[PDB]
Amino acid sequence: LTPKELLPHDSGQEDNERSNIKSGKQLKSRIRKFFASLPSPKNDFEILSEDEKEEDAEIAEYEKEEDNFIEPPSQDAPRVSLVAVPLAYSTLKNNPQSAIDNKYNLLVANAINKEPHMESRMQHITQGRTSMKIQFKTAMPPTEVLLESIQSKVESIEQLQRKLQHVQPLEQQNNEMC
Amino acid sequence: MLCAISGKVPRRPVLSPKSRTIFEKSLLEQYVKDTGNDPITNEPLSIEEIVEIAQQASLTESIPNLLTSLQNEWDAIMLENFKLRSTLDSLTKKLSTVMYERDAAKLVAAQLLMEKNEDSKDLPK
Amino acid sequence: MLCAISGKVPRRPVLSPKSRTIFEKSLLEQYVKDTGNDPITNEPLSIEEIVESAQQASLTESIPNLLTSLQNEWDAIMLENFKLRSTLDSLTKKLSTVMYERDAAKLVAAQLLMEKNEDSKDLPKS
Amino acid sequence: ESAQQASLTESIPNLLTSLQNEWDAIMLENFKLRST
Amino acid sequence: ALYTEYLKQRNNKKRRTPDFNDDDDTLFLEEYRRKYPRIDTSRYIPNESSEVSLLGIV
């Protein structure tokens, strides 16, 4: 028994296995793809599911870390969450049609709320005032960096365009005299 | 009748062979020059794969009004494009709030089954 | 601006009427005196077929180029809608399955809060 | 059976200011040409 | 008629005119300004990528 650079490869593989269990079992939504902290909105939404809404609001404030962070004693989850996902999948053509009909009703509800809008008006002009600050300063930088380079060659272009209107006017009186 | 990229009535339609879809020659070429793929089915397709496949002229009305008509339609299309983008970001945002509560509820089910397992031990004693 | 045979800047351009391509006169004349043909498409072409009014023109600048510009504006905006429409059919398809598994799991949560409280109601009375 | 036109740095104007000047210059020239 | 009168048909300069804290039709006007700025930044981004080179070849 003589190990050499094997316990270092085994400690690296054990550390690579432990990082794979921590990254997968951290959060389902945070790891996949894509909020402001608000304890007043969790207090206002108490009066909903009225038990699960407060469980999901405290879970959103804990994973994000007027904001206090308390419990990361929640997410060793990886074996208990696998049994919970397999038990819920067993309890869950007809189901595919009932999901497509409810998706069309939610799409019609999304098209009706947008149609009624087109308080909320003051936020859109302030987002435009942020855009008119950002884009037009980016426009004035891209214009003046261009106009230092293009207006020199615009004069190279436009004065050579003016040579064409005199070469055409000398061509017609010469063709008339020819 | 409709190109399934922009929805215009196609004036030089081309059909893709990898997926059954009649596109427009200009719009499908810009997609293929970006990435060599089919916009519907994401299958590997090229420009030479396309097979180049009703015309009714609009007669609007009985010219300065047609200037302001064009001004209104570009004004409407810019808003009919903008409203469909903020709707996309908010339905993805409201889908995200459902994904947190789906994973938070299956953690609350773990403590509730423990209370049932603790109770089943006590009922047997 | 270029001659298709040599690659230089032609000082006497002549355009052929069998394959439209701007050739230099002294180069293409030698090509025609070699064999009576057009060098690109190998179709028959003579020296009189190669050729070097009143309406004055102006340079192509930013009416016609303005109309073709607004084609580019809208054909690009049409692709911008497809990036949106294809992403909407992915998020709403994922929302239909997420709201379904939420509706299917909340019936189990409603039964576990019943069963774990009923088992607490049963055990404490005994 | 390529030409390049450099669009201006200040390219609203293509709808408003450029398009009015194209149909002004078309209108005034042909009328002056009928006068010619 | 336009050349004989010497008068030009007026274009819409309403997008320059828009103002904050106004009604629902003007809410359409300010969102129109946002779509025009995003298009203007996209049009300016193509010119920057091209460089003078494009003005040079013409």
# chains A, B, ... in the order shown; residues from 1 in each chain; ligands from 1
>>> interface_residues(of="chain E", to="chain B", cutoff="7 Å", atoms="only C-alpha atoms", output="number ranges by chain")
E: 9, 32, 35
>>> interface_residues(of="chain B", to="chain A", cutoff="12 Å", atoms="only C-alpha atoms", output="PyMOL selection string")
chain B and resi 76+79-80+82-114
>>> write_last_selection(atoms="C-alpha atoms", output="JSON list (two decimals), in the first residue's frame")
[["chain", "number", "residue", "atom", "x", "y", "z"],
["B", 76, "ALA", "CA", -49.38, 51.99, -33.75],
["B", 79, "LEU", "CA", -46.91, 50.38, -29.54],
["B", 80, "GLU", "CA", -48.26, 47.01, -30.69],
["B", 82, "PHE", "CA", -43.94, 47.42, -27.10],
["B", 83, "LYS", "CA", -47.05, 46.08, -25.33],
["B", 84, "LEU", "CA", -46.24, 42.50, -26.38],
["B", 85, "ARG", "CA", -42.74, 42.78, -24.82],
["B", 86, "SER", "CA", -43.69, 44.00, -21.34],
["B", 87, "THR", "CA", -46.33, 41.26, -21.31],
["B", 88, "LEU", "CA", -43.58, 38.69, -21.93],
["B", 89, "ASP", "CA", -41.34, 39.93, -19.11],
["B", 90, "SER", "CA", -44.21, 39.95, -16.60],
["B", 91, "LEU", "CA", -45.54, 36.49, -17.46],
["B", 92, "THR", "CA", -42.00, 35.17, -16.99],
["B", 93, "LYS", "CA", -41.78, 37.15, -13.73],
["B", 94, "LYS", "CA", -45.08, 35.74, -12.47],
["B", 95, "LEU", "CA", -43.93, 32.27, -13.54],
["B", 96, "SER", "CA", -40.86, 32.82, -11.34],
["B", 97, "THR", "CA", -43.04, 33.52, -8.29],
["B", 98, "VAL", "CA", -44.82, 30.21, -8.92],
["B", 99, "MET", "CA", -41.48, 28.35, -9.05],
["B", 100, "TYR", "CA", -40.44, 29.57, -5.59],
["B", 101, "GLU", "CA", -43.77, 28.61, -4.00],
["B", 102, "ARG", "CA", -43.71, 25.21, -5.72],
["B", 103, "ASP", "CA", -40.32, 24.40, -4.17],
["B", 104, "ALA", "CA", -41.24, 26.00, -0.83],
["B", 105, "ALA", "CA", -44.43, 23.92, -0.52],
["B", 106, "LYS", "CA", -42.60, 20.62, -1.05],
["B", 107, "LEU", "CA", -40.32, 21.60, 1.87],
["B", 108, "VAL", "CA", -43.36, 22.31, 4.07],
["B", 109, "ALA", "CA", -44.58, 18.82, 3.13],
["B", 110, "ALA", "CA", -41.38, 17.41, 4.69],
["B", 111, "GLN", "CA", -42.17, 18.77, 8.16],
["B", 112, "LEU", "CA", -45.86, 17.82, 7.85],
["B", 113, "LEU", "CA", -45.04, 14.17, 7.14],
["B", 114, "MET", "CA", -42.67, 14.19, 10.12]]
>>> residues_around(residues="segment 8-25 of chain D", least_positions_apart="3", cutoff="6 Å", atoms="only C-alpha atoms", output="VMD selection string")
(chain A and resid 143) or (chain C and resid 63) or (chain D and resid 28 to 29) or (chain E and resid 11)
>>> residues_around(residues="segment 164-178 of chain A", least_positions_apart="6", cutoff="12 Å", atoms="only C-alpha atoms", output="PyMOL selection string")
(chain A and resi 157-158) or (chain C and resi 53-59)
>>> residues_around(residues="segment 17-31 of chain E", least_positions_apart="2", cutoff="7 Å", atoms="only C-alpha atoms", output="ChimeraX atom specification")
/A:118,121-122,125 /E:13-15,33-35
>>> atom_distance(atom1="atom CA of residue 26 of chain B", atom2="atom CA of residue 46 of chain E")
19.6 Å
>>> select_by_dssp(residues="segment 3-65 of chain C", states="strand (DSSP E or B)", output="PyMOL selection string")
chain C and resi 13-15+22-24+37+44+51
>>> select_by_dssp(residues="chain E", states="helix (DSSP H, G or I)", output="number ranges by chain")
E: 2-5, 24-50, 53-57
>>> closest_atom_pairs(of="chain C", to="chain A", cutoff="10 Å", atoms="only C-alpha atoms", output="CSV")
residue,atom,partner,partner_atom,distance
C:54,CA,A:172,CA,8.4
C:56,CA,A:168,CA,7.1
C:57,CA,A:168,CA,8.7
C:58,CA,A:161,CA,7.8
C:59,CA,A:161,CA,7.0
C:92,CA,A:103,CA,7.1
C:93,CA,A:103,CA,7.9
C:95,CA,A:103,CA,8.0
C:96,CA,A:99,CA,5.8
C:97,CA,A:99,CA,7.3
C:99,CA,A:99,CA,8.6
C:100,CA,A:99,CA,6.9
C:101,CA,A:92,CA,7.3
C:102,CA,A:92,CA,9.8
C:103,CA,A:92,CA,9.0
C:104,CA,A:92,CA,5.4
C:105,CA,A:88,CA,6.2
C:106,CA,A:88,CA,9.7
C:107,CA,A:91,CA,9.2
C:108,CA,A:88,CA,7.6
C:109,CA,A:52,CA,9.7
>>> write_last_selection(atoms="N, CA and C atoms", output="JSON list (two decimals), in the first residue's frame")
[["chain", "number", "residue", "atom", "x", "y", "z"],
["C", 54, "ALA", "N", -30.38, 62.33, -71.10],
["C", 54, "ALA", "CA", -30.75, 63.72, -70.86],
["C", 54, "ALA", "C", -31.14, 64.01, -69.42],
["C", 56, "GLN", "N", -30.63, 64.37, -65.71],
["C", 56, "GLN", "CA", -29.47, 64.48, -64.84],
["C", 56, "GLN", "C", -29.72, 63.72, -63.54],
["C", 57, "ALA", "N", -28.66, 63.12, -63.02],
["C", 57, "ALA", "CA", -28.74, 62.28, -61.83],
["C", 57, "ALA", "C", -28.00, 62.91, -60.66],
["C", 58, "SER", "N", -28.29, 62.39, -59.47],
["C", 58, "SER", "CA", -27.59, 62.75, -58.25],
["C", 58, "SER", "C", -27.17, 61.47, -57.54],
["C", 59, "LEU", "N", -26.26, 61.62, -56.59],
["C", 59, "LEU", "CA", -25.62, 60.48, -55.94],
["C", 59, "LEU", "C", -26.58, 59.74, -55.01],
["C", 92, "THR", "N", -45.22, 30.15, -21.29],
["C", 92, "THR", "CA", -46.61, 29.78, -21.02],
["C", 92, "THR", "C", -46.79, 28.26, -21.01],
["C", 93, "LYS", "N", -45.98, 27.53, -21.78],
["C", 93, "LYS", "CA", -46.01, 26.07, -21.69],
["C", 93, "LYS", "C", -45.42, 25.60, -20.37],
["C", 95, "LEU", "N", -45.57, 27.54, -17.72],
["C", 95, "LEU", "CA", -46.52, 28.02, -16.71],
["C", 95, "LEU", "C", -47.71, 27.08, -16.60],
["C", 96, "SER", "N", -48.11, 26.47, -17.71],
["C", 96, "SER", "CA", -49.22, 25.51, -17.69],
["C", 96, "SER", "C", -48.85, 24.27, -16.89],
["C", 97, "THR", "N", -47.60, 23.81, -17.01],
["C", 97, "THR", "CA", -47.17, 22.65, -16.24],
["C", 97, "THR", "C", -46.85, 23.01, -14.79],
["C", 99, "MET", "N", -48.41, 25.51, -13.01],
["C", 99, "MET", "CA", -49.69, 25.72, -12.34],
["C", 99, "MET", "C", -50.47, 24.42, -12.20],
["C", 100, "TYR", "N", -50.22, 23.44, -13.08],
["C", 100, "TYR", "CA", -50.86, 22.14, -12.93],
["C", 100, "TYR", "C", -50.25, 21.36, -11.77],
["C", 101, "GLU", "N", -48.92, 21.34, -11.66],
["C", 101, "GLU", "CA", -48.29, 20.64, -10.55],
["C", 101, "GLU", "C", -48.48, 21.39, -9.24],
["C", 102, "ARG", "N", -48.77, 22.70, -9.30],
["C", 102, "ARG", "CA", -49.18, 23.42, -8.10],
["C", 102, "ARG", "C", -50.61, 23.07, -7.71],
["C", 103, "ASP", "N", -51.50, 22.90, -8.69],
["C", 103, "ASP", "CA", -52.87, 22.53, -8.39],
["C", 103, "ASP", "C", -52.97, 21.07, -7.96],
["C", 104, "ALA", "N", -52.05, 20.22, -8.41],
["C", 104, "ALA", "CA", -52.08, 18.82, -8.03],
["C", 104, "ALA", "C", -51.40, 18.56, -6.69],
["C", 105, "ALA", "N", -50.49, 19.44, -6.26],
["C", 105, "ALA", "CA", -49.80, 19.24, -4.99],
["C", 105, "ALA", "C", -50.55, 19.88, -3.82],
["C", 106, "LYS", "N", -51.27, 20.98, -4.07],
["C", 106, "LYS", "CA", -51.99, 21.67, -3.01],
["C", 106, "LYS", "C", -53.17, 20.86, -2.48],
["C", 107, "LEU", "N", -53.66, 19.87, -3.24],
["C", 107, "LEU", "CA", -54.65, 18.95, -2.70],
["C", 107, "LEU", "C", -54.01, 17.95, -1.74],
["C", 108, "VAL", "N", -52.73, 17.65, -1.93],
["C", 108, "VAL", "CA", -52.02, 16.78, -1.00],
["C", 108, "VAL", "C", -51.62, 17.54, 0.26],
["C", 109, "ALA", "N", -51.30, 18.83, 0.13],
["C", 109, "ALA", "CA", -51.00, 19.65, 1.30],
["C", 109, "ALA", "C", -52.25, 19.86, 2.14]]
